[PDB]
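Reckoned from all heavy atoms, side chains included, excluding hydrogens, waters and symmetry mates. The sequence lines fix the lettering, A, B, ..., with proteins before strands; numbering per chain opens at 1.
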Amino acid sequence: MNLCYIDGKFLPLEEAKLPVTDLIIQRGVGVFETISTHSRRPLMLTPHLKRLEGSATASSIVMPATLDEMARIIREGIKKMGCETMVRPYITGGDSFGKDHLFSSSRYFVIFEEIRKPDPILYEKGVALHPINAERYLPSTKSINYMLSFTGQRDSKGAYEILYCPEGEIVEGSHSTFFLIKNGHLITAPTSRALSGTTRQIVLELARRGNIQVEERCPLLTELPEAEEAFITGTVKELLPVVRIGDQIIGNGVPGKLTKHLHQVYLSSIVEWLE
Amino acid sequence: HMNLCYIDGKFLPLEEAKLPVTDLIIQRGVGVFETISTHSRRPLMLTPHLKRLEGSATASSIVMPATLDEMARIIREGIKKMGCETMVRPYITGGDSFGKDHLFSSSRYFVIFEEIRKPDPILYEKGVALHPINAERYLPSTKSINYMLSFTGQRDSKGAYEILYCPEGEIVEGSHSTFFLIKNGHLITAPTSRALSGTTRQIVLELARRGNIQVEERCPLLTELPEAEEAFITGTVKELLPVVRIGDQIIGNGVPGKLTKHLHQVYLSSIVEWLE
Ligand SMILES: Cc1ncc(COP(=O)(O)O)c(C/N=C(\CON)C(=O)O)c1O
Ligand SMILES: Cc1ncc(COP(=O)(O)O)c(C/N=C2\CONC2=O)c1O
């Protein structure tokens with residue numbers, strides 16, 4: 001059964017509640033991370049928790065607990081779940097922004113859910129993305145503000161996910177890092193424009209090991225017709241092939257050989273980063 | 001009076017009201033709201049505010065969890081319970097799931113009632129400074145709960161009262177306000193293609209029409225600010241607040257101007273026509 005750690009107790013997820021005074025509710029002041037398990041071990045736990053601290057600090061939120069304590073809560077909740085888990089620690093703004101311009105009464109909670117991997121068919125067929133002329137502001141901060149990721153699916157024609165394409169420059173997915181494959185090179189946006197993905201970080205290491213050239217630049221919507229493949233990355237989704245962006249088919253519209261090869265190396269290699 | 005929250009059919013002490021962490025308002029920032037203020041304990045622009053709330057929900061693919069008539073009912077009852085000048089914020093949440101039909105169909109709602117906090121009289125006397133940034137609100141006619149930039153951005157805002165969205169040097173609006181420039185005795189303000197359709201903004205344009213004051217609905221430019229005479233920002237609670245500095249640029253003589261003070265007096269003399 002799904003759990004939420006809040007106020008020192010693991011609760012059934014559906015019972016845990018947050019006071020409406022909290023500025024996460026009133027004004028969207030919050031940061032979080034998504035951490036997944038393989039063989040019940042958290043992947044990239046320390047990178048995730050360092051990114052959580054980075055997000056909080058960037059947002060003038062004083063940490064309401066140490067990373068060691070969050071690591072403690074996360075391992076214990078995984079053990080309590082007894083299954084592969086997706087774990088989201090949340091840090092809230094809390095009730096006030098002080099005269100010192102800090103949130104010094106932050107609340108925290110951690111959600112534990114049984115992991116929901118995309119359907120095997122999606123890895124076989126690949127997915128479609130809906131491009132929109134928008135961008136994440138302060139992109140290295142993972143805030144709770146995902147509202148664009150949903151509201152944009154009104155005219156998204158059943159797309160799996162939105163793709164942020166400000167001024168025709170591809171930056172990242174609403175929930176993912178985006179990679180294009182052109183003449184057997186990886187192209188992906190620099191961390192000035194996109195979240196510093198944990199999955200993104202592993203894929204660049206796998207590219208270094210495999211002698212695959214990476215260009216850290218925004219791929220362009222106008223380069224898509226010359227691309228062979230595309231995929232998106234995230235801790236739960238792993239590497240998910242992209243076969244269509246808007247009305248533009250990628251390559252011959254099925255997952256490509258380099259995507260499938262990187263996904264196999266990913267699954268073989270990730271033991272190195274289990275904690 | 002003590003502050004209240006209407007949630008799950010009951011008026012509660014504000015400090016006791018709690019929302020389930022399953023709600024995507026918490027998890028994913030999926031929410032919309034309005035701020036409604038009172039003058040003489042009557043709500044100002046209640047119907048426009050509630051129509052804008054519904055507009056925000058619908059634009060965000062959120063199915064309204066109550067009728068506007070029901071929300072109006074809850075708001076009037078809470079104001080009566082408060083007995084004092086009140087700021088009222090009805091919130092519509094995404095609720096627990098985004099369905100396969102791409103709608104939030106289990107929305108929650110709640111309404112916060114607080115004693116009004118007007119900006120300090122000194123601010124109206126001296127005016128305030130704004131911090132310009134090269135950013136924009138997306139889907140600008142939707143009033144979401146996402147004001148996180150408005151806070152986090154005050155690390156680099158040098159004590160500015162409020163951030164000013166100035167994408168590519170075009171002034172659109174404040175993080176919490178409509179922005180007005182005054183040049184040659186007429187008003188300049190960004191069109192509602194770019195800025196929230198402010199209720200205060202709407203009253204000020206009607207006051208301008210009544211007074212024969214020209215309004216240009218275009219984005220004022222950072223580069224025009226040296227030639228400007230005055231500037232002010234508008235909002236439900238702040239009314240008209242003079243702006244004497246944007247970034248390092250002084251506006252006019254650096255004190256509140258004659259036309260700003262005139263519109264504020266006509267605003268307060270006229271306000272009763274839009275009470276409900
Ligand atoms: C805006 C954004 N860009 C990239 C990633 C990928 O970062 P990574 O997970 O560190 O590789 C995510 C999270 N992906 C998620 C979680 O979404 N909150 C996934 O679980 O697939 C994201 O929200
Ligand atoms: C982004 C933004 N634009 C414009 C406005 C003004 O809209 P109005 O209040 O005229 O409908 C506000 C709210 N500003 C507020 C909230 O209520 N009191 C204020 O000063 C706002 O947050």
Side-chain angles (χ1 to χ4, degrees), chain A residues 2 4-6 11 13-32 55 57-61 88 90 92-93 95 97 101-103 107 109-111 132-135 137-138 141 143-156 158-159 166 174-175, chain B residues 3 5 7 12 14-33 56 58-62 89 91 93-94 96 98 101-104 108 110-112 133-139 142 144-157 159 175-176:
Chain A
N2 295 158
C4 178
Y5 183 91
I6 187 159
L11 251 31
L13 176 54
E14 71 274 10
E15 286 171 26
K17 278 156 61 97
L18 198 68
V20 304
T21 44
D22 201 300
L23 294 174
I24 191 168
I25 288 166
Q26 289 190 32
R27 299 286 170 179
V29 180
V31 297
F32 76 114
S55 293
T57 292
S59 304
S60 298
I61 305 173
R88 289 181 286 152
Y90 276 80
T92 77
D95 287 350
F97 192 62
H101 288 23
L102 297 183
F103 306 93
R107 296 185 176 88
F109 63 84
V110 188
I111 298 173
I132 63 168
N133 185 29
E135 216 163 24
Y137 290 133
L138 297 197
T141 292
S143 85
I144 57 109
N145 163 201
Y146 276 80
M147 194 164 172
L148 217 353
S149 81
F150 301 90
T151 72
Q153 297 179 46
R154 191 214 289 101
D155 27 73
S156 89
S174 65
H175 291 107
Chain B
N3 295 154
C5 180
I7 191 158
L12 270 57
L14 176 56
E15 66 274 10
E16 289 177 20
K18 315 174 66 142
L19 194 73
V21 313
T22 49
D23 203 301
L24 294 175
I25 191 168
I26 290 164
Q27 293 191 24
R28 297 295 167 174
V30 179
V32 295
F33 78 112
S56 295
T58 299
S60 311
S61 295
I62 307 171
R89 292 178 281 160
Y91 276 80
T93 76
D96 292 341
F98 190 63
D101 57 359
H102 288 88
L103 296 181
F104 307 90
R108 296 181 178 90
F110 63 85
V111 188
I112 302 168
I133 62 167
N134 184 24
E136 215 160 24
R137 292 171 65 258
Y138 299 117
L139 302 184
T142 295
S144 86
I145 58 114
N146 172 9
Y147 280 80
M148 191 170 160
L149 190 30
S150 83
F151 295 86
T152 75
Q154 291 177 232
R155 184 179 61 190
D156 311 331
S157 87
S175 63
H176 202 29

*Identify which of A/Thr21, A/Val20, A/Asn2, A/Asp95 forms the greatest number of heavy-atom pairs closer than 4.5 Å to chain B.*
A/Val20
*Let me know if A/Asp22 has heavy atoms under 4.5 Å from chain B in its side chain, its backbone, both or neither.*
neither
_For the backbone of B/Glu136 and the side chain of A/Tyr137, can you confirm whether one donor and one acceptor N or O come within less than 3.5 Å of each other?_
yes
*asked:* Strictly distance-based, threshold 3.5 Å: is any side-chain N or O of B/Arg108 a donor or acceptor partner for the main-chain N or O of B/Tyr91?
replied: no
_Out of B/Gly94, B/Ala59, B/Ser61, return the one with the most heavy atom pairs under 4.5 angstrom to chain A._
B/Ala59
*asked:* Taking side chain as everything from C-beta outward and backbone as N, CA, C, O, which of these in A/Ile111 sits under 4.5 Å from a heavy atom of chain B? Side chain, backbone, both or neither.
replied: side chain
*asked:* Tell me if a side-chain donor or acceptor on B/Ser60 pairs with a main-chain N or O of B/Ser56 at a distance below 3.5 Å.
replied: yes
_Taking A/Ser174's backbone N and O only, do any of them form a donor-acceptor pair with A/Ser149's side chain (distance below 3.5 Å, no angle check)?_
no
*Once you round to the nearest 0.5 Å, how far does CG of A/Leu11 lie from OH of A/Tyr5?*
11.0 Å
*A/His175 and A/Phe150 aromatic ring geometry - parallel, tilted or perpendicular at 30°/60° bounds*: perpendicular
*If you count heavy-atom pairs under 4.5 Å between each of A/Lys17, A/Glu14, A/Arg27 and chain B, which one has the most?*
A/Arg27
*Count the heavy-atom pairs under 4.5 Å between each of B/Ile25, B/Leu19, B/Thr152 and chain A, then report the option with the highest count.*
B/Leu19
*Under 4.5 Å heavy-atom distance to chain A, tell me which part of B/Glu16 shows up: side chain, backbone, both or neither.*
neither
*B/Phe33, part contacting chain A, at a heavy-atom distance under 4.5 Å*: side chain
